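Asker: this one's experimental. Sequence and coordinates below.
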Amino acid sequence: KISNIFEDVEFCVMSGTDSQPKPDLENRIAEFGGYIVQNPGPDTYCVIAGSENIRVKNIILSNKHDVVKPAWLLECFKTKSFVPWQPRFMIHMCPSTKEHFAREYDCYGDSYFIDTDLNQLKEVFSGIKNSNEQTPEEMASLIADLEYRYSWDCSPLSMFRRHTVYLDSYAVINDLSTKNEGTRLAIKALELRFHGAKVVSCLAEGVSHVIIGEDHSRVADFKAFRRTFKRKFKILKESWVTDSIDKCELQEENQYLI
Amino acid sequence: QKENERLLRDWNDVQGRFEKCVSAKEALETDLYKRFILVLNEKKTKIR
């Protein structure tokens, strides 16, 4: 009527107490001539379920009717126009509705054609599982890979995913029994971890860049392990790793040599 | 006691704060990158 587009579609308004009592919603749909039904008929492409019921459980069992959160229909009414089906009000899809959402959206709320913003990005990601289960180290590889191919490595805030950089928190290296306490060396290692660096406090072949500890006389052992381990480790003072995330500026990897 | 202990405790507190911010950034980065990768793989399967 008022919104005659809301007519012509059967509406199982049996639980319309989504936000307001069901009779309010029934009156609203009538004002738009919507085809309200107490029980879902065949063309009930919207089963108004503002509250779970045993009958709602049955309609869930009956994979023929579209059990919905009526908040979407509230949005449609506020727009005075049918909002397209969005895969978050939907309780029990029809198989047609399942493939419908799988078509006009991906496996999440995001579509395949309609562009989304950071708000919709956060909404989808919350809809997506907690994807922190993936090793942040493998995520580092992903980042490194993506940050290079997408040129997202331009962000200095996470740059050492590319870098296999060592850091010295020990007075002498290749001796795990030694450690500097009450120092910034551990803080610098945390800076490395902020960029997703391969944070290592012992020199091996995998080491590529070496951040010196507070004592800069260790560069002798640094070069000794640069020659025992075939990689020429890039000698780095504190300022390198500090400005990597404090100043957010990568320092020269050769200016600190010895 | 006064100066040395206040500075040691402030240093430890802010060091732990830096640890927490690094770890939280890494974890939220894991969520963001992996969820975006899931969506991007959906898009790439659709594109293919």
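Answerer: That came through fine. Numbers count the residues shown, from 1 in each chain, chains lettered A, B, ... in the order given.

Asker: contacts and neighbour counts: CA atoms only from here.
Answerer: OK.

Asker: close to chain B: what parts of the stretch 1-150 of chain A are there?
Answerer: With CA under 8 Å from any CA of the partner chain as the criterion, the stretch 1-150 of chain A comes near chain B at residues A:106-108, A:110, A:112, A:125, A:128-132, A:134, A:136, A:139, A:142-143.

Asker: would you show me how to pick out the buried ones of these in PyMOL?
Answerer: Filtering these down to the buried ones (16 or more other CA atoms under 10 Å in any protein chain shown) takes a single PyMOL command:
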select buried, chain A and resi 106+107+108+110+112+125+128+131+132+136+139+142+143
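
Asker: residue ranges of the helices in chain B, please?
Answerer: Listed in chain order, the helices of chain B (DSSP state H) span B:2-47.

Asker: the residues of the stretch 1-150 of chain A next to chain B in strands, which ones?
Answerer: Assigned to strands by DSSP state E, none of the residues of the stretch 1-150 of chain A next to chain B qualify.

Asker: which two among the residues of the stretch 1-150 of chain A next to chain B are spaced furthest apart?
Answerer: The largest separation in the residues of the stretch 1-150 of chain A next to chain B, counting by CA to CA, is between A:112 and A:136 at 27.5 Å.

Asker: residue A:11: which element?
Answerer: Element membership of residue A:11 [criterion: DSSP states H and E] is strand A:10-15.

Asker: and that strand, what does it pack against?
Answerer: With contacts taken as 3 or more CA pairs under 8 Å, 6 or more residues apart in numbering or on different chains; DSSP states H and E, strand A:10-15 sits against helix A:22-31, strand A:35-37, strand A:46-49.

Asker: any idea how far apart the tips of stretch A:99-116 sit?
Answerer: By CA to CA, to the nearest Å, the extent of stretch A:99-116 from end to end equals 21 Å.

Asker: list the buried residues for that stretch?
Answerer: Buried residues in stretch A:99-116 (16+ other CA under 10 Å): A:101, A:102, A:104, A:105, A:106, A:107, A:108, A:109, A:110, A:111, A:112.

Asker: rewinding a little: which of the residues of the stretch 1-150 of chain A next to chain B fall within helices?
Answerer: Per DSSP H, those map to helices at A:125, A:136, A:139, A:142, A:143.

Asker: excluding its backbone neighbours, what's nearest the first one?
Answerer: For residue A:125, the nearest residue in space outside its immediate sequence neighbours is residue B:35; the separation is 5.9 Å by CA to CA, 6 or more residues apart in numbering or on different chains.

Asker: over to the last one?
Answerer: The shortest distance from residue A:143 to any residue other than its chain neighbours is 6.7 Å, reached at residue A:161 (CA to CA, 6+ apart).

Asker: please report the distance of the residue nearest to residue A:125 from residue A:121.
Answerer: Residue B:35 sits 9 Å away from residue A:121, taking CA to CA as the criterion.

Asker: the more surrounded of these two?
Answerer: Each of residue B:35 and residue A:121 has its neighbours counted (other CA atoms under 10 Å in any protein chain shown); residue B:35 has more, 23 against 17.

Asker: so who does that one touch?
Answerer: Residue B:35 is in contact with A:125, A:128, A:129, A:131, counting by CA atoms under 8 Å, 6 or more residues apart in numbering or on different chains.

Asker: switch to 10 Å and redo it
Answerer: Residue B:35 makes contact with A:121-122, A:124-132, B:29, B:41, according to CA atoms under 10 Å, 6 or more residues apart in numbering or on different chains.

Asker: same question, residue A:74
Answerer: By CA under 10 Å, 6+ apart, residue A:74 lies in contact with A:18, A:19, A:25, A:28, A:80, A:82, A:83.

Asker: now, of those residues, which are buried?
Answerer: For the contacts of residue A:74, a burial check counting by 16+ other CA under 10 Å picks out A:18, A:25, A:28, A:80, A:82.

Asker: TSV for the residues you listed, including distance to residue A:66?
Answerer: Putting the buried ones among the contacts of residue A:74 into TSV (distance: CA to CA, whole Å) gives the following:
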residue	distance to residue A:66
A:18	16
A:25	17
A:28	20
A:80	21
A:82	15
